[PDB]
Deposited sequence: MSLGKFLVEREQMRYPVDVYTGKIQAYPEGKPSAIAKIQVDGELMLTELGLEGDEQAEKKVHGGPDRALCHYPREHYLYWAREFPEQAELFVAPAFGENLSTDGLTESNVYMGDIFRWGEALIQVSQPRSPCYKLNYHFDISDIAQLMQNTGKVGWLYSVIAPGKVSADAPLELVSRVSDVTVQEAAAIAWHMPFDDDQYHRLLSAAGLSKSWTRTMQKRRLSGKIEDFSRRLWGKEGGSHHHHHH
């Protein structure tokens, strides 16, 4: 863990909903999320990498204009952070608040309704370009002018592997045991990996990904 000492700092665009509109000054980050916005604690903030938009536009040239932040619902938009360099448990200082990565975002069939593309959820899930959520470790003033500083790297499980373990690999107790060991793991994901260990099976994903057609 030398990255803690590198003082990594990433500028971020901020958005809140009434849906999501860009915020420009300073607002309060409370335990439940951004003031004026809307496993509550574990999902108070959403993140989606801007890089991913190039991939969707190149994939769906015809509806390229739908693919711009914050089309995926995210609160935070950055360059330079993705599923392969963000780790489960990472704690970041933002202005005066402390936030911790708690799980990858799970793609939902509602996404398909929103882009009017019938298999975007399945595609998000298959590519692993899903973003992630934070739980707020300490509330406080934050701002669109204040960058995200990495301050603690406490696990060796990346968002990418956490997503592969949940959705890309065949049943494996060891991996489920490894995922349960990552600090900051949200309650619902703890519940889901624990249930697979006990049941001996992988819970269905059709309803989440396809709605009534699942």
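Colleague: Where does the structure fail to cover the deposited sequence at the C-alpha level?
Modeller: Residues lacking C-alpha coordinates: 1 to 5, 24 to 35, 56 to 62, 239 to 246.
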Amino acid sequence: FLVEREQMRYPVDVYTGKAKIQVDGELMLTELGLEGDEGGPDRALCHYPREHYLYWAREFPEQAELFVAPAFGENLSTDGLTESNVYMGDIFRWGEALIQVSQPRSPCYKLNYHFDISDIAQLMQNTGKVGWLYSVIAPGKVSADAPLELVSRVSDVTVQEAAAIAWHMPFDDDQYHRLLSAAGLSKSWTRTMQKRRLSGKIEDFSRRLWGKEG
From here on, numbers count along this sequence of modelled residues.
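Colleague: Quick one: say whether 142 to 150 or 22 to 30 has the higher mean Cα B-factor in the deposited entry.
Modeller: If you average the C-alpha B-factors of 142 to 150 and of 22 to 30, the larger mean comes out for 22 to 30.
Colleague: Determine, for stretches 111 to 119 and 74 to 82, which one has the higher mean CA B-factor as deposited.
Modeller: That would be 111 to 119.
Colleague: According to the Cα B-factor stored in this entry, which of the following is highest: 35, 161, 156, 51?
Modeller: Of the options given, 35 has the highest CA B-factor in the PDB entry.
Colleague: Per the entry's values, where does residue 169 land by CA temperature factor relative to the rest of its chain, in the lowest, middle or highest third?
Modeller: As the PDB entry reports it, the C-alpha B-factor of residue 169 lands in the highest third of its chain.
Colleague: Name the third of the chain's ranked CA B-factors that contains residue 64, choosing lowest, middle or highest.
Modeller: Residue 64: CA B-factor falls in the highest third of its chain.
Colleague: Split the chain's modelled residues into thirds by Cα B-factor; is residue 190 in the lowest, middle or highest one?
Modeller: Tercile = lowest for this residue's CA B-factor.
Colleague: Test of reading the entry: by CA B factor among the chain's modelled residues, which third contains residue 47?
Modeller: Within its chain, residue 47 is a lowest-third residue by C-alpha B-factor, going by the deposited values.
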